[PDB]
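Comments concern the structure below.
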Amino acid sequence: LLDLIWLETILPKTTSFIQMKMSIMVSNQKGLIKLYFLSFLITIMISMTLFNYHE
Amino acid sequence: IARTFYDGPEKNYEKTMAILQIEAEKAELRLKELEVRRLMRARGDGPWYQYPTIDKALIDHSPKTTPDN
Amino acid sequence: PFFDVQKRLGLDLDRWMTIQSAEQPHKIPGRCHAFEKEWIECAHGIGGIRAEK
Amino acid sequence: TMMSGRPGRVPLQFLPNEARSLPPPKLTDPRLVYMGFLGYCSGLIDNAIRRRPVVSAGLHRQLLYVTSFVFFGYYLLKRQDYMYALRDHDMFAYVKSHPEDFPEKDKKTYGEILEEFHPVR
Amino acid sequence: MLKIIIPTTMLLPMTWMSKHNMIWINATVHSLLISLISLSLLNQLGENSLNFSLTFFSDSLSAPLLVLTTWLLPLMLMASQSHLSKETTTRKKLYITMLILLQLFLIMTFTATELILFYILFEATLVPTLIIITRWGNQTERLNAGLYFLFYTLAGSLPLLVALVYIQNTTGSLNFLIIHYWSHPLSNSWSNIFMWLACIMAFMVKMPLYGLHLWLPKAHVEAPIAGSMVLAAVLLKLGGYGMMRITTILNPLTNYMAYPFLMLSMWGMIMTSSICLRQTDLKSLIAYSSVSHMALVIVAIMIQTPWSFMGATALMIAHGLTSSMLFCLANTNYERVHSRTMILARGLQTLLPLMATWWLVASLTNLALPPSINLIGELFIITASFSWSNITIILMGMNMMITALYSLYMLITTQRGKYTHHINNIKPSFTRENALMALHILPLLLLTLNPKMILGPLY
Amino acid sequence: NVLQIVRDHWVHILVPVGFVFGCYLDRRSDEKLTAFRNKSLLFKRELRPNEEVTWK
Amino acid sequence: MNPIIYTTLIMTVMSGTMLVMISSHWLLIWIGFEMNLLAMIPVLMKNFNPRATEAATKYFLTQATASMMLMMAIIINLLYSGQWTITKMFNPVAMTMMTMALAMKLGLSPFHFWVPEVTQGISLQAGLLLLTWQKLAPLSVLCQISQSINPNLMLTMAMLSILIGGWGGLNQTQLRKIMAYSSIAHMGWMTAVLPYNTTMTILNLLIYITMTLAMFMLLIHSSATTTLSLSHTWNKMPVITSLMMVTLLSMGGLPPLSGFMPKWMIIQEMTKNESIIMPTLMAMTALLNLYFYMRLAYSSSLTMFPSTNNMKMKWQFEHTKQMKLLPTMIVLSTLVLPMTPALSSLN
Amino acid sequence: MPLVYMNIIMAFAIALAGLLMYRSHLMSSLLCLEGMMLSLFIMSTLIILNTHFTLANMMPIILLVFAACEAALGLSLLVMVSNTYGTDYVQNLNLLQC
Amino acid sequence: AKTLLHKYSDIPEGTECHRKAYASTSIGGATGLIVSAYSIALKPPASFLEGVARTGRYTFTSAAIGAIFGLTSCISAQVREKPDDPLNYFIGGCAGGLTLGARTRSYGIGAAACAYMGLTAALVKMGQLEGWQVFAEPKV
Ligand SMILES: CCCCCCCCCCCCCCCCCC(=O)OC[C@H](COP(=O)([O-])OCC(O)COP(=O)([O-])OC[C@@H](COC(=O)CCCCCCCCCCCCCCCCC)OC(=O)CCCCCCCCCCCCCCCCC)OC(=O)CCCCCCCCCCCCCCCCC
Ligand SMILES: CCCCCCCCCCCCCCCCCC(=O)OC[C@H](COP(=O)([O-])OCC(O)COP(=O)([O-])OC[C@@H](COC(=O)CCCCCCCCCCCCCCCCC)OC(=O)CCCCCCCCCCCCCCCCC)OC(=O)CCCCCCCCCCCCCCCCC
Ligand SMILES: CCCCCCCCCCCCCCCCCC(=O)OC[C@H](COP(=O)([O-])OCC(O)COP(=O)([O-])OC[C@@H](COC(=O)CCCCCCCCCCCCCCCCC)OC(=O)CCCCCCCCCCCCCCCCC)OC(=O)CCCCCCCCCCCCCCCCC
Ligand SMILES: CCCCCCCCCCCCCCCCC[C@@H](O)O[C@H](CO[C@H](O)CCCCCCCCCCCCCCC)COP(=O)(O)OCC[N+](C)(C)C
Ligand SMILES: CCCCCCCCCCCCCCCCC[C@@H](O)O[C@H](CO[C@H](O)CCCCCCCCCCCCCCC)COP(=O)(O)OCC[N+](C)(C)C
Ligand SMILES: CCCCCCCC/C=C\CCCCCCCC(=O)O[C@H](COC(=O)CCCCCCC/C=C/CCCCCCCC)COP(=O)(O)OCCN
């Protein structure tokens with residue numbers, strides 16, 4: 001219960017699961033430049049109204 | 001065994017004092033260098049952190065076809 | 001980063017065009033030539049940090 | 001940043017004239033010996049990659065590797081020492097010219113300072 | 001102390017230039033000579049260290065560890081040359097190179113005089129061990145074992161690097177002597193609490209603490225015999241050495257901080273000693289034994305009394321020797337029967353008598369029989385804990401009972417009863433194996449003859 | 001007989017030569033820390049009329 | 001392609017980079033970037049196929065948009081101060097525009113999307129060029145104007161780059177995409193220390209370039225573009241795989257290897273400031289890069305994968321053209337940590 | 001700042017957004033790029049004309065030259081894409097997805 | 001922008017739980033709206049209504065998380081008479097994590113979010129008290 005299940009679950013298995021989920025989310029892109037440049041526009045708009053306003 | 005392989009305690013004692021002096025000097029020098037870096041970056045009056053400005057040798061001091069320059 | 005080849009060789013590849021107070025053809029002056037020369041002279045040699053204040 | 005702009009500095013010198021007033025690194029300097037070791041390792045890896053007897057294939061090219069690494073390392077060490085000497089010179093001059101920012105505090109003995117005692121129990 | 005460091009770097013090319021059938025002989029002979037040379041570090045002073053140069057120094061805490069490392073290399077060479085018989089000469093030289101590099105990094109680690117160099121070598125030890133485990137292991141779990149071993153260590157040790165550079169930026173130095181002489185109390189702050197955690201957690205992971213101890217059974221079970229020997233004997237003691245060194249700066253913060261770690265160490269002492277009672281795998285049983293003993297060492301280091309530190313040093317040395325011997329004994333049976341299940345080969349005392357008495361003496365030293373150094377260290381820690389709190393004796397007492405229980409259970413299961421009928425390939429013990437067992441066990445008794453050599457600087 | 005046995009067992013001198021070199025390097029290292037030789041408040045001693053250094 | 005034309009194009013790329021580095025005028029730096037892009041586009045398309053055309057098109061579009069933003073930032077700076085010299089960047093809006101333009105030229109997150117696709121679509125030589133030489137000019141410009149750089153934006157993009165490189169690299173089987181994601185993470189490490197000390201940025205740049213050159217040259221020596229094609233190399237070139245494994249460990253950042261030195265210096269420089277949390281997160285995130293480097297090392301050197309029968313014929317032939325400096329790059333990429341203080345010759 | 005400067009900067013922003021948003025044909029994106037060049041040229045010329053800087057009168061010429069270089073580069077790439085697929089649709093440029 | 005964070009921080013820790021909850025839900029709504037924008041940009045929803053549905057879902061989840069966090073932290077601070085203590089922020093963070101787990105309808109997500117959000121909020125409070133800087137200004 002403690003070694004083979006819960007101590008495994010908390011530190012290493014949770015870490016592996018979270019990193020795998022984030023890797024799947026980040027990497028799996030459609031490959032289309034339309035979506036990429038839409039993201040670029042969103043990023044530019046955010047930078048201008050956030051970091052820039054507070055000089 | 002002591003004569004063939006080892007030395008007296010004076011040698012280790014005085015080597016320890018020499019080493020301690022070197023390390024203490026290095027520590028105070030590191031702290032002083034950090035303080036000097038902070039001061040020069042804050043003020044800009046030191047040799048360090050001197051960002052370039054425009055050279056005044058580029059200015060043309062000649063009559064400019066208009067008296068008011 | 002910045003390799004100052006011009007300063008080393010004394011070449012003037014692009015410095016002629018950087019400021020308004022620098023040898024325009026036919027001695028035609030910029031609109032703010034006097035202000036720019038005053039700023040450059042005051043600014044010169046003290047470094048960027050000191051210069052702003 | 002900090003050392004990029006300094007008064008009286010030639011752009012691409014790599015070794016200013018004022019650096020010759022410093023003691024040159026000895027030819028038996030341990031850092032030079034490590035550079036020669038790096039050259040020997042490069043020669044051995046060159047032999048192994050090209051499928052040649054690693055220790056004995058090319059002696060002239062291994063010698064060239066070792067001497068090239070030592071040759072570059074000597075000037076690298078000279079420039080390293082020069083820049084560290086400049087750092088110390090500038091720091092000492094700045095300390096001397098700004099006395100109010102680096103004041104010598106009063107010397108206290110451990111018989112006078114009261115340090116709190118934390119028992120271990 | 002380059003008179004020890006340079007002969008190992010010379011072991012390297014001597015191995016790489018030896019002819020194909022003389023590598024083991026040359027390595028063993030010259031490693032034994034190097035250990036004989038390193039034995040001269042035991043002439044320690046009583047008030048300060050042996051400050052050799054600006055970068056290396058030695059006191060009576062690191063000298064026994066250095067001697068243990070230099071002595072352990074020839075034992076690993078002897079144990080390795082059986083399962084590498086079919087191996088090509090180049091990869092045999094590569095294996096010996098891995099062992100030599102591990103020794104060199106360990107030797108420089110125990111004597112590095114400032115914290116950053118110690119950290120660099122402390123983590124450099126990870127590469128040869130990982131290569132050994134994941135290249136010369138036998139089963140398919142060696143890859144995952146190596147991954148666990150690497151990442152558990154690095155996750156706890158990177159914050160140590162951040163804390164070390166912060167400490168040097170604040171105080172100006174990290175040389176141990178300057179750190180000790182210029183030490184100042186830590187305030188009760190959240191920043192100080194997290195700096196304490198960053199300084200302590202790497203060594204907790206290395207010990208290992210009961211919680212973060214999972215990497216250890218995987219690493220020690222999947223590793224080849226020399227890898228297991230070096231992991232159990234020396235590599236676990238890096239955390240103890242690091243704590244005994246880094247703790248001077250931490251106080252007085254340790255008093256209210258050490259509570260969760262003390263509780264984890266004691267209850268996990270009980271838990272991991274209970275686990276050994278139901279272990280069907282021999283190597284896992286020895287690994288969990290190591291976990292419980294190192295939990296005892298963690299308690300000793302945390303409570304920070306002179307008797308605690310003496311007991312911790314004695315226990316570290318004794319456990320290194322005992323665990324190495326136990327792993328070698330298990331590996332002999334493994335090479336006999338090609339399985340690690342405890343109940344497969346039974347009644348081995350009938351067929352291997354001298355190996356049976358080696359098993360008996362190893363089990364006796366494991367359960368801390370007097371007047372072995374194992375019990376000297378354990379009893380010093382127990383007395384220190386009783387001074388810390390009189391209720392610790394219950395937990396300490398329970399642990400002693402379970403330790404004797406599983407040690408004698410392992411001995412009875414493997415050695416006594418009747419031999420399994422089907423196995424007929426149990427050959428008589430070789431001279432190499434008996435010599436290896438003797439070279440583990442004789443130093444333990446010779447050390448209990450003169451116990452002040454492994455009692456640390458507080459002696 | 002000497003030639004082949006030497007070419008076979010020249011590797012057995014690397015570790016002893018390494019130890020000798022390490023001893024020499026230790027001597028060279030500790031002759032650089034003489035800034036307090038015969039200057040300690042605890043061991044400051046009058047030099048005998050024939051020697052020149054209290055320790056090497 | 002004709003060798004003369006290829007040499008001319010490579011020298012035009014290099015001359016554009018040098019023009020960016022040696023110019024004191026904003027217009028000349030812009031011209032250097034444009035010349036670099038103009039000569040760089042055909043090199044990606046040297047071996048013609050639909051994938052190379054896709055990579056060239058995506059790279060061209062991204063770099064052209066970045067050039068647009070860079071010229072707009074220059075013009076706004078000129079409007080608010082009649083200065084053409086690359087300096088403190090007197091206007092903050094122009095500074096934000098310039099920072100995003102240069103970050104998108106570099107591939108820093110959230111502008112990182114183009115890099116994996118372009119690296120995968122081109123050959124290994126063009127990938128080497130793209131991931132080593134094409135980072136110098138934007139980083140030089142960023143170094144020159146680091147005084148006016150905004151810490152909040154630059155550090156955000158650097159942390160995003162480290163996180164995204166680490167995460168995206170975990171999912172990759174192709175080697176070129178792995179190298180691209182590692183490039184993104186290293187770019188983040190480089191730009192995190194930029195507002196504090198540009199010498200550390202240059203040091204990380206040099207170490208990363210050495211390691212990247214070694215890794216691409218090893219992947220070209222053993223003609224492998226996928227994980228399983230590299231799993232075959234041990235049966236033909238075991239020494240190459242061993243050197244690759246040591247180089248991978250160095251790339252991961254484990255001491256006493258060369259790779260550890262740049263992160264060690266950056267962390268020290270950041271902690272000379274207050275800056276405690278961010279280096280901790282950076283190290284814990286570089287753990288991901290180490291993980292997928294170790295996955296590659298497991299597949300290529302520490303285990304032996306099944307081979308094919310036709311490898312026996314390859315056993316009889318030597319590597320025809322040997323790339324020079326491969327041995328030197330490996331040595332500099334592994335055994336250079338003891339020479340760490342020599343970084344003082346960089347400021 | 002005058003109001004014509006607002007109009008020119010808004011033109012630049014509109015062209016940048018138009019480039020960022022992709023519909024179908026690649027040609028339209030190149031049109032947006034060339035519009036961004038046009039706006040940059042007009043802004044530079046107005047600033048250069050307003051404060052009498054004589055020596056920068058040539059930089060709009062160089063700007064147009066390198067604008068034409070970008071236009072030629074984009075047209076060559078569009079030719080090759082259309083030859084591969086028969087249309088200049090950006091939806092086809094998705095091979096590097098996997 | 002950061003004006004939302006000032007309107008959150010200008011309110012004293014243990015006073016006006018309604019205003020603090022409003023500021024917290026504004027911050028949550030802004031974060032969820034940004035996440036929705038990026039998700040729509042990178043992963044199209046195949047129809048306008050499905051896109052607005054995804055945007056509303058993400059924004060509502062984030063706003064509820066923020067509102068619960070702010071309300072719980074303020075109430076805990078004032079009833080216990082112990083401001084300047086990270087335990088209130090930990091309680092608020094676990095409440096927000098439970099809210100997220102309920103929104104996703106999963107017990108495991110709920111427990112993980114409790115633990116991690118509570119730890120993050122406690123660390124943020126400790127950084128506010130001590131003065132830790134996420135983005136330190138260059139000072140050397
Ligand atoms: C800190 C202190 C110092 C340490 C520094 C670091 C280590 C030393 C320097 C390292 C670099 C130097 C050499 C590199 C190139 C060598 C490559 C090689 O393969 O060597 C083959 C070669 C033998 O081959 P051969 O004789 O030609 O014929 C057999 C075939 O070639 C056989 O060919 P093959 O095709 O059959 O080979 C196949 C094999 C071949 O695979 C390999 O051999 C591995 C190659 C090593 C990788 C090196 C990468 C760069 C170095 C980084 C080191 C990292 C150190 C940090 C710790 C982390 C460890 C990774 O691959 C495999 O089988 C797969 C095994 C997978 C294992 C994975 C682990 C590999 C990486 C471990 C590296 C650790 C360092 C090793 C150093 C020595 C290794 C030879 O080895 C040698 O003979 C050279 C050894 C050194 C010579 C010195 C002798 C000089 C004179 C002696 C006297 C000294 C002074 C005298 C004066 C005194 C007065 C009297
Ligand atoms: C100097 C530096 C500054 C430079 C930058 C300056 C920029 C400003 C000037 C720009 C002037 C515009 C002039 C021309 C623009 C060119 C447009 C174009 O070429 O269209 C191509 C593009 C491609 O279309 P297509 O390929 O030909 O047709 C196929 C279908 O479109 C697609 O096929 P499908 O039907 O199968 O797909 C499903 C459906 C899916 O449809 C959807 O999913 C969209 C539904 C999203 C719901 C929006 C949220 C609703 C509630 C929010 C409430 C806000 C706060 C209230 C309180 C909280 C409430 C809880 O369609 C979509 O996927 C479209 C999604 C993309 C939406 C538009 C992207 C804009 C940015 C991303 C916004 C994301 C919204 C999330 C929330 C954002 C924050 C509020 O057209 C579109 O994307 C459709 C809409 C275009 C019309 C409007 C364009 C104007 C937007 C300009 C910037 C936005 C405002 C900036 C103002 C800044 C202040 C000054
Ligand atoms: C370092 C050394 C070693 C340490 C490591 C080992 C120990 C730590 C790790 C192990 C425990 C941690 C695991 C976390 C929870 C895992 C849940 C999970 O994985 O979700 C997926 C999993 C399955 O996924 P699913 O498909 O979504 O659910 C389908 C179900 O199978 C279908 O289920 P159903 O339909 O049949 O019924 C579901 C429903 C119905 O519930 C049930 O079915 C049965 C009732 C279960 C929970 C209700 C409590 C009743 C018993 C407690 C009585 C007092 C206990 C003693 C405390 C006083 C001490 C004197 O559940 C509920 O509604 C329960 C709501 C939660 C209320 C409980 C509040 C407890 C707070 C703690 C207070 C005390 C703290 C200690 C202080 C001591 C100071 C001296 O969910 C579950 O089945 C578990 C739900 C029940 C929660 C159990 C957690 C309570 C244990 C204490 C946790 C505190 C430890 C960590 C602190 C931080 C946590 C916030
Ligand atoms: C793994 C290590 C990678 C090393 C990369 C290649 C190693 C060889 C380097 C090639 C040597 C030739 C380069 C220059 C020689 C003459 C040109 C001379 O003018 O350079 C001057 C000075 O020389 C160079 O600047 C320094 C080159 C030294 C490179 C070695 C340092 C490596 C970092 C530490 C790792 C240890 C490496 C040990 C050896 C392998 C430039 O001065 P300056 O115009 O004012 O600089 C402008 C840019 N600044 C101010 C921002 C810096
Ligand atoms: C699997 C094994 C893992 C290893 C386990 C390591 C354990 C590390 C725990 C460290 C123990 C001490 C940390 C906190 C110090 C004080 C304890 C806490 O209760 O503080 C109280 C304060 O009350 C509240 O508890 C404050 C803290 C609230 C936030 C903490 C909740 C964290 C939840 C536990 C998560 C589990 C840890 C593992 C994470 C992965 C004390 O009141 P006060 O005297 O005024 O403050 C003293 C500190 N001062 C002086 C600097 C201010
Ligand atoms: C096998 C897995 C083990 C993983 C353990 C790793 C975590 C170790 C514990 C925390 C490590 C990070 C500590 C940060 C480095 C210490 C430096 C320091 O203490 O200096 C403090 C800085 O203190 C901090 O900033 C600490 C910030 C912590 C952020 C990192 C979050 C890590 C996770 C936190 C909770 C988990 C830690 C314990 C988990 C134990 C393992 C289970 C003072 O700096 P100033 O800003 O100048 O403040 C005083 C001047 N006004």
Side-chain angles (χ1 to χ4, degrees), chain B, chain E residues 1-4 33-60 62-63 67 111-118 164-184 245 248-249 450 453 457:
Chain B
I1 284 179
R3 185 177 65 247
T4 303
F5 296 112
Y6 305 108
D7 284 290
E10 293 83 3
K11 165 168 190 160
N12 199 61
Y13 200 84
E14 288 151 353
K15 270 173 52 174
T16 307
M17 293 183 286
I19 286 166
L20 282 182
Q21 181 200 57
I22 294 178
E23 313 292 329
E25 271 164 10
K26 283 208 264 201
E28 65 183 1
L29 276 168
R30 291 187 188 115
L31 286 176
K32 185 183 286 185
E33 193 213 323
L34 274 173
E35 208 47 44
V36 166
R37 267 171 73 172
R38 187 188 67 80
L39 287 182
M40 292 180 183
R41 190 162 194 165
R43 285 153 192 180
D45 46 358
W48 305 343
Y49 300 101
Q50 286 296 327
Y51 297 111
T53 45
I54 303 182
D55 195 13
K56 79 188 173 263
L58 279 165
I59 300 170
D60 201 49
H61 309 262
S62 298
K64 293 301 187 328
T65 70
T66 300
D68 303 342
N69 292 117
Chain E
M1 68 165 318
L2 300 171
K3 59 181 63 73
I4 320 183
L33 297 175
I34 289 180
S35 53
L36 168 81
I37 294 307
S38 70
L39 196 66
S40 64
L41 289 174
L42 292 171
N43 182 230
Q44 289 299 323
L45 277 296
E47 61 185 1
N48 57 313
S49 308
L50 292 170
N51 277 275
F52 304 115
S53 61
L54 275 173
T55 61
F56 293 119
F57 85 113
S58 175
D59 63 358
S60 56
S62 61
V67 178
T111 54
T113 195
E114 62 87 20
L115 267 169
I116 301 299
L117 179 67
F118 162 75
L164 285 187
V165 300
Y166 169 82
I167 285 160
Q168 184 177 2
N169 292 335
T170 287
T171 66
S173 172
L174 279 177
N175 194 275
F176 284 112
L177 303 164
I178 288 310
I179 295 278
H180 169 265
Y181 280 94
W182 285 7
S183 62
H184 65 279
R245 290 294 188 195
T248 169
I249 72 168
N450 191 6
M453 293 306 216

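Values below: every heavy atom of this structure, side chains too, minus hydrogens, waters and symmetry copies. All chains are named by letter (A, B, ...) in the order of the sequence lines, taking the proteins before the strands, and each is independently numbered beginning at 1.
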For this session: For B/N69, enumerate each residue passing the side chain to side chain donor-acceptor pair (under 3.5 Å) test, keeping only those at least two apart in sequence or located in another chain.
Result: none
For this session: Sequence neighbours left out, what pairs pass ring-ring contact (aromatic ring centres under 6.0 Å, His included) with at least one residue falling in residues 45-69 of chain B?
Result: none
Exercise. What part of B/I22 is in contact with chain E, defined as an atom under 4.5 angstrom from a non-hydrogen atom: side chain, backbone, both or neither?
Worked result: side chain
Between chain B and chain E, identify all donor-acceptor pairs below 3.5 angstrom, including backbone and side-chain atoms.
unit_1, atom_1, unit_2, atom_2, d
B/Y6, OH, E/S40, O, 3.2
B/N12, OD1, E/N51, N, 3.3
B/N12, ND2, E/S49, O, 2.9
B/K15, NZ, E/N51, O, 3.4
B/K15, NZ, E/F52, O, 2.9
B/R30, NH1, E/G172, O, 3.0

For this session: Quick one: list whatever passes salt bridge (charged side-chain N to carboxylate O under 4.0 Å, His left out) with B/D60, sequence neighbours left out.
Result: C/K27
Problem set entry | Shortest non-hydrogen separation from E/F52 to E/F57 and the atoms involved | CD1-CA, 3.9 Å
For this session: Counting only heavy atoms closer than 4.5 Å, note whether B/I19 contacts chain E via side chain, backbone, both or neither.
Result: both
For this session: Please answer whether the main-chain N or O of B/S62 pairs with a side-chain N or O of B/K64 as donor and acceptor at a distance below 3.5 Å.
Result: yes
